[PDB]
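As structure tokens, the structure follows; a few thoughts come after it.
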Amino acid sequence: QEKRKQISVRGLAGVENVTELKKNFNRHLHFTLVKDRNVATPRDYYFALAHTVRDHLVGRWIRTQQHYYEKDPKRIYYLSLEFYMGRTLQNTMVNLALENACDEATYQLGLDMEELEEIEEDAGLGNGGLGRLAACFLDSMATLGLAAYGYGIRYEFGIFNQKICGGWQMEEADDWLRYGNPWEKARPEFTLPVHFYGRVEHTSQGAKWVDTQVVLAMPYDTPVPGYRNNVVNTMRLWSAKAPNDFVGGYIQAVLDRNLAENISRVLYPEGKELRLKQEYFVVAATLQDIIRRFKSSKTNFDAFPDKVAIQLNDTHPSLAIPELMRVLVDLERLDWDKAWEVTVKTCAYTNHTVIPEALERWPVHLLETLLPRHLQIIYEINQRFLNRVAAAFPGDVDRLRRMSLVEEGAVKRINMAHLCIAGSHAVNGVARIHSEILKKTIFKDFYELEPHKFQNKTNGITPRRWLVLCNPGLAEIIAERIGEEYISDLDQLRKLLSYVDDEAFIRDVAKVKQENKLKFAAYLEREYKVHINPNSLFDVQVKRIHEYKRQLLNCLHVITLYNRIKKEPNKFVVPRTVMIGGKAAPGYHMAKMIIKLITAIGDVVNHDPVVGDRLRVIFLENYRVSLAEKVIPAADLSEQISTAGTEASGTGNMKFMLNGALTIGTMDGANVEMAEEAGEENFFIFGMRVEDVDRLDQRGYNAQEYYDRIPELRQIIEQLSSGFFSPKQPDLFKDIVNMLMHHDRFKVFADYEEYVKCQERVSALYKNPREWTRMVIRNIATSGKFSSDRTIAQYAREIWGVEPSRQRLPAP
Amino acid sequence: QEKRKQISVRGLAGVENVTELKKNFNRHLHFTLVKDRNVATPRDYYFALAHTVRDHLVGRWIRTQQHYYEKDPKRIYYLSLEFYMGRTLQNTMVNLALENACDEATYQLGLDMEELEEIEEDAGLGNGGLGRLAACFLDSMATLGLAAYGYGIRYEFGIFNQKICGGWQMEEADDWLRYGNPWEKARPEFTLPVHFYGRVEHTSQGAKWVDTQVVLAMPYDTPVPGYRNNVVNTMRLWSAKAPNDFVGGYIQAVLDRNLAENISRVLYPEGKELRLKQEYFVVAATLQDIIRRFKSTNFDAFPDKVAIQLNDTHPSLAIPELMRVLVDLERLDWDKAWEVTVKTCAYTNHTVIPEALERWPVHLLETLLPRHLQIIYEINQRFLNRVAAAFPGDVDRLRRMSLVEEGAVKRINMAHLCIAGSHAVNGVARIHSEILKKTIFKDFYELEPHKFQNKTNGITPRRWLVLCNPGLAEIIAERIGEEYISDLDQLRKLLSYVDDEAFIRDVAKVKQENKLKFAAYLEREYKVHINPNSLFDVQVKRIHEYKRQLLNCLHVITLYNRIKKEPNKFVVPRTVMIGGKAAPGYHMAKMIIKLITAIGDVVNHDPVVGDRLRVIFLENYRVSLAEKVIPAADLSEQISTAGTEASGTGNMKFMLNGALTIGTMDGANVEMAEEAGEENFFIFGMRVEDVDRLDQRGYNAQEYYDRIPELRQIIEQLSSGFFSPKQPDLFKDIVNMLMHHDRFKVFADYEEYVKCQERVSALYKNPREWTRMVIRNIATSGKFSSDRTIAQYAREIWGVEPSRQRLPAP
Ligand SMILES: O=c1[nH]cnc2c1ncn2[C@@H]1O[C@H](COP(=O)(O)O)[C@@H](O)[C@H]1O
Ligand SMILES: O=c1[nH]cnc2c1ncn2[C@@H]1O[C@H](COP(=O)(O)O)[C@@H](O)[C@H]1O
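Respectively, the protein sequence lines represent chains B and A. Read left to right, the first sequence gives residues 7 to 252, 259 to 281, 287 to 315, 324 to 837 (PDB author numbering). Read left to right, the second sequence gives residues 7 to 252, 259 to 281, 287 to 313, 324 to 837 (PDB author numbering).
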């Protein structure tokens, strides 16, 4: 029927227009929300505005998906158990260029588009740099016009909210879906069975997996927009539902429903059965969807590697390998050799870890119980892989056992990293030194078997959310020199390097900072009721709380600096606000104490009359994406102080650099590459290198020798032990001292001298505003390498086999 | 801020603009559904249209609510456990006059609206008459401008879909919410706690109900549109949610999470805890909403600004819960709160047999609602005090009127609660209301005679004429205009056309048209030929012994035997249709359904019968099927043993739709035969006082079995396994019941029933007389408009005046 051709998007999102936006706001507030102004809450005004914006997203979304079906490109699937999405309202507006029109519309309607913006929940789909990487990636993948899908789990309660009560962290539930989410769209039409347990029957033609428990995976779609290019991609999130049954004897299987349901309930965290059901759930539903989409296109799986690419972000979705094999062999009735070829060619794997302890391993008895068919396939893959290894290195019997997917001991275990390696055509580290240690130590055996398989894709950040969005002031003055262009091409921030000796640009760069400090200082009062000197150097360390992250080294310096303000109260010291934020893992007893320690240091220093405002110590509560975007552009100094070799890359690093902060750090992670781009001279690189980490384990790290040679280190330890910082509980901080002094596995005391000295240099350079800003410029100018546009282009050409494309799609 | 005035509903569509409906249909498929014509399903297209119609509904909804806060009128709250809504799309199009525009709109978009209409699920919200009544009343209350709210529970899996496999009823889950309900609106922001268990603590200022388990009640709003008057009222349904808190152990909070959500999962149809939980849940959540709206203050103005209708005793806890909120929370005193309670609340009784009234053991109340018990005990004592006053020394009367009944187990009689806490107790038909005064509640009557009222049931002529029978609505409006739709009594004007040939042939024509559409639907599923010229003989009732489809079966089989015996005899062909659901756990009902299909297998495949007889069991009888078969019927079977039916709302549907009624003197039949004239009715069988006489000298089914050879042959056929050749014994427990323990006297009404059916067949042989009789039934229908019923609620109970006035929407 040719009449149906009037069922079109043809003129529905007519004009990005201030009058139309007001019309839709009303339309959405009244018809969609079923509210009016008499009962509308700020939250209801936010939903209305969100819906108004979503219409523009979805129109562009329809065309893009229509475009992909017309042009049939190689499709790329990004599998992650984490999508650290943050807020979408503002990000959608910059990328669609609706920023000014909306503000104009809401103002005219009598509302503040800022009030509204702050009602939006941080999406509870993520926890760390792992999920934030995936978020930057999706945004970059869309900007470079790639046919790309983010697949994950729709979590309901995310990772807890952090409240600090009397210095102690408490974990509140993050019910960020209590009032729903305007951005996502339910697809009950597309609900899919996921199997668990049962057993394997090896009859005739092949294996049948029978007598299984079914869980239903129901997808929710969220559009992810490119930068001003009209391409809107899909993030598809899976939600678990128990099947609705009415043989009639007993309901005790209430258990089932509940145990099915909480696959989607919470993020994690060692290895419960639940964590494994999450991994399989996401993998099994995702693969059905990919194969479904491969089939509709105008069965031959020779073209499969040519139309599908699947990225495993870490080992979490590793079961994709045996699952893809399972469908191809058991269901589509291919044979092992052919399916294997298709699998290896389809899958690639990204590792994010430096230490062989942290890699994922599951007991075989677990796998045998929940995924009996998958254990078998994993063994078969082990047999044939270890066959290649035996052919390539005859005789070397030790090699077979080291490289095996099966790990022998008390507790037979499957090593999931060895699986991903055997079944991926490409494997990559996440920063150059990291990818090198992968080749050199952690996976040397696999690298020697297949050198070509091992790559590097240094991580990156999106300049949308991490420059234009959160620091418009900086984006605005860069534009004036070189245009609106760098936003999609960060490389050409290099042209700023000709403006280093330009006077007006220096005050300009320094003026933006002051204002970002002003805004953030005011934000601290309006919410947590706590004083801040806006002239002071902003010393910020925002990372997960962990021993190797070394916020304790930071603390050591703070108390050091504090002490010297008491030994020499009249000496001019460069005034500083030291700010530390980050979430501690529940159960992690040491990180809990470290937070308590920080706030106690704050409790002494912020109320000492001799200090005044020359030094201040704040813990930043409930660190997350939206806070990141508030505190980052307000930073002068970026604390990247992990023990060399313990960081794979880092990503906050690059955010601070893009935003006019200078870095104090170790020669570690992506700092190596950041210093390589800005020049050693423009970074504050201090302390032991990786070579001296190994050197010290070799001769044995004694921490007592430092305690003698440095009287300041002796003094702070005495203050800690006698209870200077915990007067009502003197021995509160004992197992912090104990660790630092006897079982400090991350050598805090070692780097302390060369740290506090490097810090003094910083203060001295901050005392000189002009010279300080010139170096900041020299940092910002050379921050281009660290865009996620660069990272994804390398992924597209070197791993996926597809060309990036900045061409704007037509419509709407 | 004057800027904020720009936040308004003045710019939506406008309105009967096919143009804008097309544009808005497109919006919704693409932007609301995030689909397109590449990928879209007929179901998708139904949601696109549903949403389009919805935009216009909620506009008027916003206005009707706004207007209710300006005018601050008395508000009426209808509390029902069931709400048999059916389908929403077409009802909304006709009530808003959007039908023609949407029809044309979808048509120019390459789509067919009927096809789309068939996609919608019946709301899984109700079971039988009780539930359809609430739904009809909601339509009426909106049409008569009343400020009404329907309050109930949002059942997730309704009450099962019926499937017939191998002639047996099977019950599948009804997930009618499977793809969502476009008509509803979640309100997570208005979630309320509901308390259960725990214990009562006496302070010195008042009672505290503490240590309770909490269940969250979340409301879903559905708008209900008035007929073309622009008042869109609210149906507010509660969904149960468990709280969250995540420090262990133990996790049997997993069980609380489940028993908490079962509340909302399924309707009934054990003497469950769960059912009581359901009843308090809808009462506690509703009363909070009712009080919030009042305050949004002294409660002296309460009974003048709030009416609470109890539909059956199911929401009877509303009376003690009101007392709880006013004494305990609101801090009134027990006499002031009591006056407010007795004047706020009006009850409605739907039963006829003493042991059908709701009754909860005290041990159970003591466990889950300890405070409510103490309130009941107090109410009972004060109440019994005035019984002893008004009747000195009458100790016998006190232990009859007590709310606390006593036997093996101590029980609270929920009906006696309702009468005591209500100013008006209404029956639902005249002979029913009267027996409430006469035998069932006489004690209560000779104490408060002013209390006891009648409100005969009615049926909305929107759904049940205009919507399901547009052919008959059209021909009626060709003579007398369209004013009757909202004043059914105007159909009396049709008496003037009883001899008019144009009318007589027009009515017969529409009927014949309705049968052809239904035979076509019927020939699809159930693969058998329907002779469209046969008399459509239809019985649609809950499947029960007393309802009596076994009597219908006895006639069906007589007819068969008679054809098989004299094949060359002229016989008026019949399509016999029986439909209804059997309660799970009711074995006799399941067997009756087996009998109906088993008669069907023999008769419908007998070459000797040709197409003179056909027996069909209609699968999964429900509101949207009802509205297909009713217009097609010639003969409505209303044959319950006399005195067992209080009313009978489907009776009125057939009458309005051109069927003639065979049936006993009982329920609504009496008032129907009274309006239409007995001569225009096929009343047969024992009357009420006749049943009583047979009771008094004892009913022996052998002395009916013995006097009648035709009756005998069919029983020997049943017993011998004539209708179940593989399993001769299959119907043994049916024969046994009919012979020895028939508490319902099937055999006794047999002879007279078949005599009367022959009168039906004979009149059917004369098309003109048949149709003229039909006209007399239709023309005389109007009393049974649910607008009539509701106006009598408004004036004589709730004390508001109904208004047919329109309302704007710019
Ligand atoms: O066959 C097609 N032709 C054109 N567009 C399609 C087709 N199938 C899917 N799409 C687009 O892709 C979306 C659904 O994506 P899917 O999950 O891959 O089927 C729809 O909203 C369409 O806009
Ligand atoms: O104070 C008021 N002024 C105007 N409209 C109101 C007011 N209060 C409630 N409403 C309307 O009543 C509707 C339902 O709210 P509810 O009566 O509280 O259940 C809302 O959609 C409002 O439009």
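Cβ coordinates follow ideal geometry from the N, Cα and C atoms, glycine included.
Q. Nearest to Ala46 (chain A) by CA position, among B:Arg193, B:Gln729, B:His632 and B:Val299, is which residue?
A. Comparing Cα-Cα distances from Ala46 (chain A) to each of B:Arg193, B:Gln729, B:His632 and B:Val299, the minimum goes to B:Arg193.
Q.
So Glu348 (chain A) and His399 (chain A) are supposed to be a Cβ contact under 8 Å. How far apart are they, rounded?
A. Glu348 (chain A) to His399 (chain A), Cβ: 7 Å. Contact.
Q | 4 or more residues per run - each alpha helix (DSSP H) lying fully within the region 479-566 of chain B | A | 497-507 and 528-553, all fully within the region 479-566 of chain B.
Q: Reducing DSSP to helix, strand and coil, say where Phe749 (chain B) ends up.
A: Looking at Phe749 (chain B) - three-state DSSP - the assignment turns out to be coil, as it is neither helix nor strand.
Q.
Please tell me whether, using a cut-off of 7 Å, the distance from the CB of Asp42 (chain B) to the nearest non-hydrogen atom of ligand 2 is below it.
A. At least one heavy atom of ligand 2 is nearer than 7 Å to the Cβ of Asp42 (chain B), so yes.
(Q) Are the CB atoms of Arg489 (chain A) and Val238 (chain A) within a distance shorter than 8 Å? (A) With contacts defined by Cβ atoms closer than 8 Å, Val238 (chain A) and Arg489 (chain A) do not form a contacting pair.
Q) Where does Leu18 (chain B) land, buried or exposed, given buried means 16+ other C-beta within 10 angstroms? A) By the Cβ-count criterion, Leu18 (chain B) is buried, with 16 or more other Cβ atoms from all chains shown falling within 10 Å of its own Cβ.
Q | Residues that DSSP places opposite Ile590 (chain B) in a beta bridge | A | Looking at the DSSP assignment, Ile590 (chain B) forms no beta bridge with any residue, so it has no partner.
Q: Output yes if chain A places a C-beta closer than 8 Å to the C-beta of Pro249 (chain B); else output no.
A: Judged by the 8 Å Cβ criterion, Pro249 (chain B) is not in contact with chain A.
Q: Measuring alpha carbon to alpha carbon, tell me which of B:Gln219, B:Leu765 and B:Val21 ends up nearest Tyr573 (chain B).
A: For the residues B:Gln219, B:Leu765 and B:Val21, the minimum Cα distance to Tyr573 (chain B) belongs to B:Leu765.
Q.
On the DSSP letters alone, give me the boundaries of the beta strand (DSSP E) that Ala456 (chain A) sits inside.
A. For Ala456 (chain A), no beta strand (DSSP E) segment is defined, and its DSSP state is neither H nor E.
Q) Closest Cβ-Cβ distance between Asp306 (chain A) and chain B: below 8 Å? A) Not an interface residue.
(Q) Am I right that residue 286 (chain A) and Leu662 (chain A) are in contact with their C-beta atoms under 8 Å? What's the rounded C-beta distance? (A) Within the gap of chain A, which runs from 281 to 287, lies residue 286 (chain A), and it has no coordinates in the structure.
Q) Using a Cβ-Cβ distance under 8 Å, would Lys312 (chain B) count as near chain A? A) Output row for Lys312 (chain B): interface = no.
(Q) For chain B, check one thing: does any of its Cβ atoms lie closer than 8 Å to the Cβ of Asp633 (chain A)? (A) Chain B, which has no Cβ nearer than 8 Å to the Cβ of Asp633 (chain A), makes this no.
**Q.** ligand 2 heavy atom lying under 7 Å from the CB of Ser245 (chain A)
**A.** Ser245 (chain A): no, Cβ never under 7 Å from ligand 2.
Q. Quick one: any contact between the region 141-155 of chain B and the region 229-238 of chain B, if contact means 3 or more CB pairs under 8 Å?
A. Output reads yes: the region 229-238 of chain B touches the region 141-155 of chain B.
Q: Using a Cβ-Cβ cut-off of 8 Å, state whether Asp128 (chain A) counts as contacting chain B.
A: Chain B places no beta carbon closer than 8 Å to that of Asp128 (chain A), leaving this residue out of the contacts.
Q: Look up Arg242 (chain A) in the DSSP assignment and say whether it is helix, strand or coil.
A: Look at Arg242 (chain A) here: in three-state DSSP terms it is strand.
Q. Are the C-beta of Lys191 (chain A) and some C-beta of chain B separated by less than 8 Å?
A. For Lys191 (chain A), the answer is yes, since a Cβ of chain B falls inside 8 Å of its Cβ.
(Q) For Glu178 (chain B), tell me which candidate among B:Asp331, B:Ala609, B:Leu85 and B:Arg457 has the shortest Cα-Cα distance. (A) For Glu178 (chain B), the nearest C-alpha among the options comes from B:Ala609.
Q.
Going by beta-carbon coordinates alone, are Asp693 (chain B) and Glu672 (chain B) separated by less than 8 Å?
A. Closer than 8 Å, so yes.
**Q.** Where the alpha helix (DSSP H) through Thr466 (chain A) begins and ends
**A.** According to the DSSP assignment, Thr466 (chain A) belongs to no alpha helix (DSSP H), since it is labelled neither H nor E.
Q.
In the DSSP assignment, the beta strand (DSSP E) including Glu432 (chain A) goes from what residue to what residue?
A. Counting along the chain, the unbroken beta strand (DSSP E) around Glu432 (chain A) starts and ends at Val431 to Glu433.
Q) Counting Cβ pairs closer than 8 Å, one from the region 193-203 of chain A and one from the region 123-140 of chain A, do we hit at least three? A) By the Cβ rule, the region 193-203 of chain A does not count as touching the region 123-140 of chain A, because fewer than three pairs are nearer than 8 Å.
Q | Cβ of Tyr185 (chain A) within 8 Å of any chain B Cβ | A | It does; some Cβ of chain B falls within 8 Å.
Q: Could you say which of B:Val565, B:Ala248 and B:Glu26 lies nearest to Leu104 (chain B) if we only look at CA atoms?
A: Measuring from the Cα of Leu104 (chain B), the nearest candidate turns out to be B:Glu26.
Q: Give the residues of chain B in contact with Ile159 (chain A), contact being defined as C-beta atoms less than 7 Å apart.
A: Against chain B, a Cβ distance below 7 Å from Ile159 (chain A) picks out nothing, because the smallest value is about 18 Å.
Q: At 9 Å on the CB atoms, spell out the chain B contacts of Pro194 (chain A), in chain order.
A: The contacting residues are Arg184, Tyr185 and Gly186.
Q) Under 8 Å between the Cβ atoms of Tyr203 (chain B) and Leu395 (chain B)? A) Taking a C-beta distance under 8 Å as the contact criterion, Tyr203 (chain B) and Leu395 (chain B) qualify as a contact pair.
Q. Using CA coordinates, which residue listed in B:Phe53, B:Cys445 and B:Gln744 is at the minimum distance from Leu384 (chain B)?
A. The alpha carbon of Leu384 (chain B) has as its nearest neighbour, out of B:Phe53, B:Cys445 and B:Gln744, the alpha carbon of B:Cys445.
Q | Per-residue contacts from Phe163 (chain A) into chain B (C-beta, under 8 Å) | A | What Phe163 (chain A) touches in chain B: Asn250.
**Q.** Own chain, CB closer than 6 Å to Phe410 (chain B), minus 5 neighbours either side, in chain order
**A.** If we look at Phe410 (chain B) and ignore the five residues flanking it on each side, its Cβ neighbours are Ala447.
(Q) Looking at the secondary structure, which residues open and close the alpha helix (DSSP H) in which residue 317 (chain B) lies? (A) Between 315 and 324 the numbering of chain B has a gap, and residue 317 (chain B) falls inside it, with no coordinates.
Q) Mind checking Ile439 (chain A): buried by the 16 CB within 10 Å criterion, or exposed? A) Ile439 (chain A) is buried by the Cβ-count criterion.
(Q) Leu518 (chain A) and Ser808 (chain A) - do their beta-carbons sit closer together than 8 Å? (A) In terms of Cβ geometry, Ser808 (chain A) and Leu518 (chain A) form a close pair [threshold 8 Å].
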